[PDB]
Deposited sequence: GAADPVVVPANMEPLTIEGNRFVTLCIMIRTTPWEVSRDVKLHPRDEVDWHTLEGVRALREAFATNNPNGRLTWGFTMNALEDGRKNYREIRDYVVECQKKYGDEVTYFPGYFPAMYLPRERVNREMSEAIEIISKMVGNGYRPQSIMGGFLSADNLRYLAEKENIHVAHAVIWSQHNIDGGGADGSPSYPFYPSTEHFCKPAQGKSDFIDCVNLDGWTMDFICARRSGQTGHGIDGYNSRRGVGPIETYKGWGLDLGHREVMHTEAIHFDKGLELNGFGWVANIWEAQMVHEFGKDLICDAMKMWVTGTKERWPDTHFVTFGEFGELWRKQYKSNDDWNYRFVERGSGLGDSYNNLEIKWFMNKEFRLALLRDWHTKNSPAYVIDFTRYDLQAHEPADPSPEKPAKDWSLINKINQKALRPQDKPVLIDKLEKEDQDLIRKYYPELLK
């Protein structure tokens, strides 16, 4: 259970296991920190036990870097054995997590080859023909997703780091699930000719108000941070448990209150790195995990905590093309930190475009402004194959207006200031906005 996406609320958690922070391949370690001692059996077990609190049917995705899969040292061996026990006991997923940024630094063919190598290691590790239902890719290319679907018969991937701009750029996509185009991993396939049968999933649910920004001042409640939402770094850790928890609940409520009404289901994604227990303390991080799960179940008791792969396949069972979905969200700020209370944001996402409107609702009769209008019907292109000494860090899909507001043309404007053709495309889907 559950057998269908419709009417249901889902949380998909992944716990990441690694030897260094940003190891996209065996020899390509983009961050110098040696985390061997930050990964222990007791730390991993404690975090899983925290997750199970008030959550006996919950399962999650364990994601390993290549070096964590292959390391022969006792800690990594013990962690792998425990994770196999979890696959058997809980139905947790076990899959590859290539260091967040693989497509930025590695040629497409290399990513594909190494994904296949990891899948083989994992199948043999878990035994009895096990294959994961997803890959925890982060920056994958369209070709990597094609390859997974067609050559590995894997039809879900985390390959959306939704809104990320400055860890590189991958802004422009929908934040909810879609089938990507052969043109660009952030672009919904427009039809049969560019279709890839792989569901592309976000990794961390954002507070949409926070995520409008590029970059950050820090992790605290005094600052702003474009990665604030359900992720623990910018909430439980940066703000402390009490205040952090409130922002995580608020962000979930975007999906589990109004979102479910608008979209027919609600889905929250999150990724917690196992090394956080060492970096920040076992009790703090385990208390945060317990608080998150318990608080979610208290408010939304029928929420299903399932693997990334299970959720993607539930979506794929219901939605067969990008004509089948049309996502809407509405959010006002929480009133905590940079989730500014005076702002109301509305997102619209469909096969042909996404659109965001922002309004200062504290000012009587202040209109909503377009802060993002990104067309998908336009041809898109990804960077040419990079390599580790010539990375391609900017994979964003940007054309008319982008929320990060880094170009003069990104100035927020009334919807009636858009070009006629852009209005016409909008009116096709949402005539009420014009």
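- Positions of the deposited sequence absent from the coordinates, in order: 1-12, 179-180, 449.
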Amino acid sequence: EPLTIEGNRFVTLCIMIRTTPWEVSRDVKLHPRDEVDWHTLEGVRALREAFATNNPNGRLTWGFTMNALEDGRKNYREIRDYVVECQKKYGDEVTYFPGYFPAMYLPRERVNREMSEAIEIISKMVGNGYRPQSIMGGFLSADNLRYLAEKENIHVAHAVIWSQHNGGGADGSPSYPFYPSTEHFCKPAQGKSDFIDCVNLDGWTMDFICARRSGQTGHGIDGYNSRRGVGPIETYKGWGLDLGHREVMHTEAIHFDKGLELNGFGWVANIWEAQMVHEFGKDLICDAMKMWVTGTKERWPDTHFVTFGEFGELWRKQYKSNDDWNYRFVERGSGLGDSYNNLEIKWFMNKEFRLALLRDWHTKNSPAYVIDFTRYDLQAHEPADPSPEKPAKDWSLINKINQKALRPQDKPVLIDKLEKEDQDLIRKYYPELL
From here on, numbers count along this sequence of modelled residues.
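- For the pair 406-414 and 12-20, the mean B factor over Cα atoms is greater in 406-414.
- The deposited model assigns a higher average Cα B-factor to 123-131 than to the other stretch when 82-90 and 123-131 are compared.
- Of the candidates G203, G172, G266, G281, the deposited coordinates give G281 the top C-alpha B factor.
- Listed residues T294, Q190, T235, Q275 were ranked by CA B-factor as deposited; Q190 comes out on top.
- Remark: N54 belongs to the highest third of its chain, ranked by C-alpha B-factor as recorded.
- In the deposited entry, the Cα temperature factor of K346 sits in the bottom third of values across the chain's modelled residues.
- Sorting the modelled residues of the chain by their CA temperature factor places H165 in the highest third.
- Sort the modelled residues of the chain by CA B factor and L106 lands in the middle third.
- In the PDB entry, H381 places in the highest third of its chain by CA B-factor.
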